[PDB]
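A.B. asks: Sharing a structure here in structure tokens format.
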Amino acid sequence: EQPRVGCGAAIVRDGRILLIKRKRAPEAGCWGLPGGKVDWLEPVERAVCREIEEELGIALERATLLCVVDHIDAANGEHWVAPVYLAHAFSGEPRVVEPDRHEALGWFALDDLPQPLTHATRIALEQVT
């Protein structure tokens, strides 16, 4: 019926980005930015923090707006619009908190990215560098 609101985080340290590999559709088997849906009555920035905490077990500090991703896929019947925030700083150490949803995690150099990447990640990366 109508477009849904998502969000994401581009977590970058030392010219490397933190990517997580999805097990489940959509975009199953792709490496991508952490993120997810914004909940009813939740500010978008509190959603980025919560969702990265839920997925990676870390707490973002000082995340700034980077871009907005259109995820339009008429064939599979979905439309998400997803603001993506850049973060250089956080507390805790990243881990796959939910083994049912993700099966790998890593720091990758922006010139040597893994494949395949989620659409959201390709668009985000065109902004960063």
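In the structure tokens, the first chain shown is A, the next is B, and so on; residue numbers restart at 1 for each chain, and ligands run from 1 in the order shown.
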Do a neighbour search on stretch 76-93 of chain A at 10 Å with only C-alpha atoms, toss out local chain neighbours closer than 5 positions, and write the hits as a compact mmCIF listing (two decimals) with C-alpha atoms, in the first residue's frame.

C.D. replies:
```txt
# COMPACT_ATOMS: atom_id res chain seq x y z
CA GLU A 1 0.00 0.00 0.00
CA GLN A 2 2.65 2.60 1.01
CA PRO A 3 6.35 3.50 1.51
CA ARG A 4 7.90 2.37 4.78
CA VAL A 5 10.59 4.11 6.88
CA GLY A 6 13.92 2.37 7.46
CA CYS A 7 17.36 3.49 8.67
CA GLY A 8 21.02 2.55 8.58
CA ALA A 9 24.52 3.27 9.87
CA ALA A 10 27.76 3.64 7.92
CA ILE A 11 30.30 2.87 10.66
CA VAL A 12 33.76 3.93 9.48
CA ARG A 13 37.14 3.65 11.28
CA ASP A 14 40.61 3.89 9.67
CA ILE A 17 33.52 0.19 6.97
CA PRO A 26 15.39 -9.66 1.09
CA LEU A 33 25.11 -1.62 6.46
CA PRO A 34 23.49 -2.40 9.77
CA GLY A 35 19.99 -0.92 10.23
CA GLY A 36 16.28 -1.74 10.13
CA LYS A 37 12.80 -0.32 10.52
CA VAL A 38 11.92 2.87 12.46
CA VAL A 44 14.81 8.23 13.45
CA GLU A 45 18.12 8.82 15.37
CA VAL A 48 19.58 4.00 14.35
CA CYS A 49 21.09 3.56 17.82
CA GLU A 53 22.69 -2.06 19.41
CA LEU A 56 26.03 -5.45 16.75
CA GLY A 57 26.01 -4.92 20.52
CA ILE A 58 27.59 -1.44 20.30
CA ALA A 59 26.30 2.08 21.25
CA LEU A 60 26.73 4.77 18.61
CA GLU A 61 28.05 8.19 19.64
CA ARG A 62 27.64 11.37 17.55
CA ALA A 63 26.11 9.93 14.33
CA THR A 64 25.51 12.59 11.58
CA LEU A 65 23.14 12.40 8.54
CA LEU A 66 24.90 11.07 5.40
CA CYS A 67 22.20 10.47 2.76
CA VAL A 68 18.75 8.98 2.22
CA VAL A 69 18.36 5.66 0.39
CA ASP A 70 15.36 4.86 -1.84
CA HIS A 71 14.80 1.10 -1.77
CA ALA A 120 21.55 0.60 0.52
CA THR A 121 25.30 0.10 0.98
CA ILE A 123 24.23 4.20 -2.47
CA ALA A 124 25.74 5.11 0.90
CA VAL A 128 31.32 8.62 1.60
```

A.B. asks: Can you tell me, as a ChimeraX atom specification, what residues are no more than 7 Å from residue A:55 when counting only C-alpha atoms, ignoring any on the same chain fewer than 2 positions away?

C.D. replies: /A:51-53,57,96-98

A.B. asks: Mind dumping the selected residues with N, CA, C and O atoms as a short mmCIF file (atom, residue, chain, number, x, y, z; two decimals), in the first residue's frame?

C.D. replies:
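Output file out-v4.cif follows:
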```cif
data_model
loop_
_atom_site.label_atom_id
_atom_site.label_comp_id
_atom_site.auth_asym_id
_atom_site.auth_seq_id
_atom_site.Cartn_x
_atom_site.Cartn_y
_atom_site.Cartn_z
N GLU A 51 18.85 -0.10 16.74
CA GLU A 51 18.92 -1.18 15.75
C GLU A 51 20.38 -1.67 15.62
O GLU A 51 20.63 -2.86 15.49
N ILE A 52 21.34 -0.75 15.69
CA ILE A 52 22.74 -1.10 15.68
C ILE A 52 23.10 -1.80 17.00
O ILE A 52 23.93 -2.71 17.02
N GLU A 53 22.48 -1.39 18.11
CA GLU A 53 22.69 -2.06 19.41
C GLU A 53 22.15 -3.48 19.36
O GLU A 53 22.83 -4.44 19.76
N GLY A 57 25.64 -5.02 19.12
CA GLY A 57 26.01 -4.92 20.52
C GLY A 57 26.88 -3.73 20.86
O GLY A 57 27.57 -3.76 21.87
N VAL A 96 28.07 -10.34 16.05
CA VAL A 96 26.76 -10.72 15.56
C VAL A 96 25.94 -11.17 16.77
O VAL A 96 26.15 -12.25 17.29
N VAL A 97 25.04 -10.30 17.23
CA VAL A 97 24.18 -10.57 18.39
C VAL A 97 23.06 -11.53 18.03
O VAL A 97 22.60 -12.25 18.90
N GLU A 98 22.67 -11.60 16.76
CA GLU A 98 21.54 -12.42 16.32
C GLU A 98 21.98 -13.38 15.18
O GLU A 98 21.87 -13.08 14.00
#
```

A.B. asks: Could you check how far atom CA of residue A:41 sits from atom CA of residue A:19, in Å to one decimal?

C.D. replies: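 Those two atoms sit 27.7 Å apart.
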
A.B. asks: Would you kindly return, as a PyMOL selection string, each protein, DNA or RNA residue with an atom no farther than 10 Å from any atom of residue A:28, considering only C-alpha atoms and excluding same-chain residues fewer than 2 positions away?

C.D. replies: chain A and resi 21-26+30-31+101-102+116+118

A.B. asks: Find the spatial neighbours of residue A:16, counting only C-alpha atoms, within a cut-off of 12 Å - ignore same-chain residues fewer than 6 positions away - and output them as a short mmCIF file (atom, residue, chain, number, x, y, z; two decimals) with N, CA and C atoms, in the first residue's frame.

C.D. replies:
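Result went into out.cif, see below:
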```
data_model
loop_
_atom_site.label_atom_id
_atom_site.label_comp_id
_atom_site.auth_asym_id
_atom_site.auth_seq_id
_atom_site.Cartn_x
_atom_site.Cartn_y
_atom_site.Cartn_z
N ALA A 10 26.49 3.84 8.58
CA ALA A 10 27.76 3.64 7.92
C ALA A 10 28.80 3.87 9.00
N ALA A 87 28.94 7.27 11.42
CA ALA A 87 29.47 7.23 12.78
C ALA A 87 30.92 6.80 12.72
N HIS A 88 31.79 7.52 13.42
CA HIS A 88 33.21 7.14 13.58
C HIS A 88 33.50 6.61 14.96
N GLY A 106 32.48 -7.85 9.52
CA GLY A 106 33.84 -7.45 9.25
C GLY A 106 34.08 -5.98 8.96
N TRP A 107 35.35 -5.58 9.06
CA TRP A 107 35.85 -4.28 8.63
C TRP A 107 36.45 -4.44 7.28
N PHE A 108 35.97 -3.64 6.31
CA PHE A 108 36.47 -3.71 4.94
C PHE A 108 36.94 -2.36 4.43
N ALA A 109 38.05 -2.37 3.69
CA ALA A 109 38.62 -1.17 3.13
C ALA A 109 37.72 -0.71 2.00
N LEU A 110 37.53 0.60 1.86
CA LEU A 110 36.52 1.10 0.91
C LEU A 110 36.89 0.83 -0.55
N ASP A 111 38.17 0.56 -0.80
CA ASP A 111 38.67 0.19 -2.14
C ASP A 111 38.71 -1.34 -2.39
N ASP A 112 38.28 -2.15 -1.41
CA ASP A 112 38.37 -3.62 -1.50
C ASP A 112 37.13 -4.26 -0.85
N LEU A 113 35.96 -3.81 -1.29
CA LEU A 113 34.69 -4.22 -0.68
C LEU A 113 34.32 -5.68 -1.00
N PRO A 114 33.63 -6.35 -0.07
CA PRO A 114 33.15 -7.70 -0.35
C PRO A 114 31.96 -7.62 -1.29
N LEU A 125 27.83 4.29 -0.01
CA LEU A 125 29.26 4.38 -0.36
C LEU A 125 29.57 5.40 -1.46
N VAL A 128 30.11 8.60 0.76
CA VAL A 128 31.32 8.62 1.60
C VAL A 128 32.60 8.90 0.78
N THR A 129 32.95 8.00 -0.14
CA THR A 129 34.18 8.16 -0.92
C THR A 129 34.34 7.05 -1.96
#
```

A.B. asks: Just how far from atom CA of residue A:15 is atom CA of residue A:117, in Å to one decimal?

C.D. replies: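 Computed distance, atom CA of residue A:117 to atom CA of residue A:15, equals 17.6 Å.
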
A.B. asks: Pick from A:74, A:100, A:105, A:39: nearest to residue A:18, with only C-alpha atoms counted?

C.D. replies: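 Of the candidates, the smallest distance to residue A:18 is held by A:105.
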
A.B. asks: Between atom CA of residue A:32 and atom CA of residue A:104, what is the distance, to one decimal in Å?

C.D. replies: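 Separating atom CA of residue A:32 from atom CA of residue A:104 is a distance of 10.6 Å.
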
A.B. asks: From a DSSP pass on the backbone, collect the residues of stretch 13-123 of chain A flagged as strand (DSSP E or B) and hand them back as JSON, numbers by chain.

C.D. replies: {"A": [13, 16, 17, 18, 19, 20, 21, 22, 31, 32, 35, 36, 37, 59, 60, 61, 64, 65, 66, 67, 68, 69, 70, 71, 72, 73, 78, 79, 80, 81, 82, 83, 84, 85, 86, 87, 89, 90, 91, 102, 103, 104, 105, 106, 107, 108, 109, 117]}
